[PDB]
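The lines below spell out each chain.
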Amino acid sequence: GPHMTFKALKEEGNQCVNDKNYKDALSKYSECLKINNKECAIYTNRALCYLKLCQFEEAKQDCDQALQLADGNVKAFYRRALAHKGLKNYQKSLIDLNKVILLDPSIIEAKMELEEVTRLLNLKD
């Protein structure tokens, strides 16, 4: 029957992401972590799924796990910055955002983030 592998789970996980069903994507990607935990793509996308469920603290850790595998993964920094921002950790987020700017200053999204997070940090809210 269906020969679902790490790659299949990755693909089906991507489907849930595009379907905006990130809570199910978590399940798919977590099954990948039963097979292989050296894939920062799983963590970075799982973190994204957490971000959509407002689970920033979880997403932060998944992004770290991604960086543990690949020290320089822009996806991991950017989505960790998003996580930190959601946890009101603006100083922390700026560290990851600036890091993204160092690795890939071509990312317009990041240019909008570090400007925003600084204003949040400049607020007492």
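Each remark here, short or long, concerns the structure printed above.
Let me sum up the structure you'll find in this document.

### Comments concerning the state of the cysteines
Per the stated rule, a full pass over the model turns up zero disulfides. Of the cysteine sulfurs around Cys16, a residue in no disulfide, the closest is that of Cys49, at 8.0 Å. Residue classification places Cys16 among the buried positions, given a relative accessible area of 10%. Among the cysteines around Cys63, which has no disulfide bond, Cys49 carries the closest sulfur, lying 11 Å off. Among the residues examined, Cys63 registers a relative accessible area of 0% and is labelled buried.

### Focus on the packing of helix α1 (residues 6–18) against helix α3 (residues 40–52)
The geometry of a pair of packed helices is captured by two quantities: the angle between their axes and the separation between those axes. Between α1 and α3, whose axes approach to 11 Å, the crossing angle comes to 25 degrees. Considered as vectors, α1 and α3 are oriented roughly parallel to each other. Seen along the crossing, α1 lies across α3 with a hand that is left-handed. Where α1 approaches α3, its residues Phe6, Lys10, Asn14 and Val17 are matched on the opposing element by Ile42, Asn45, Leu48 and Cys49.

### Some thoughts on the packing of α3 against helix α4 (residues 56–69)
Axis separation between α3 and α4 bottoms out at 8 Å; the angle between their running directions is 170 degrees. What the angle tells us is that α3 and α4 run roughly antiparallel. α4 is crossed by α3, and the crossing has left-handed handedness. Judged by residue contacts, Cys40, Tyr43, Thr44, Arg46, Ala47, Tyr50 and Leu51 of α3 engage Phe56, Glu58, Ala59, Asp62, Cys63, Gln65, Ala66 and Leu69 from α4. The class makeup of the residues in the contact of α3 with α4 is 10 nonpolar, two polar and three charged.

### A short note on the side chain of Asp96
Along the polypeptide, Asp96 turns up in helix α6 (residues 90–103). When sequence neighbours within four positions are dropped, the list of residues in contact with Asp96 reads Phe77, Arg80, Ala81 and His84.

About the thresholds
Here every chain is numbered from 1 following its written sequence, which may not line up with the entry's numbers; residues without coordinates are dropped from view. Side-chain metrics in this entry use all non-hydrogen atoms of the structure; hydrogen atoms and water are not considered. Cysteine sulfur atoms are paired as a disulfide whenever they fall within 2.5 Å. Per-residue accessibility, obtained with a 1.4 Å probe over protein chains only, is compared with the maximum for each type, and a residue is labelled buried under 20%, exposed over 50%, and partly exposed between these values. Angles here are taken between N-to-C directions and fall from 0 to 180 degrees, while the axes themselves are lines fitted to C-alpha atoms, restricted in helices to the stretch in contact. Strands here mean DSSP runs of E at least two residues long; helices mean DSSP runs of H or I at least four residues long; both are numbered from the N terminus. Working definition: roughly parallel below 35 degrees, roughly antiparallel above 145 degrees, roughly perpendicular at 65 to 115 degrees, and oblique for all remaining angles. Helix crossings get a hand from a simple test, with the near helix turned counterclockwise from the far one by less than a right angle marking a left-handed crossing and a clockwise turn marking a right-handed one. For this analysis, residues touch if any pair of their heavy atoms sits within 4.5 Å. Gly is placed with the polar residues, together with every amino acid not listed as nonpolar (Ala, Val, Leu, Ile, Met, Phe, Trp, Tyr, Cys and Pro) or charged (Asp, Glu, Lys and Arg).

Geometric values such as these leave the question of function open.
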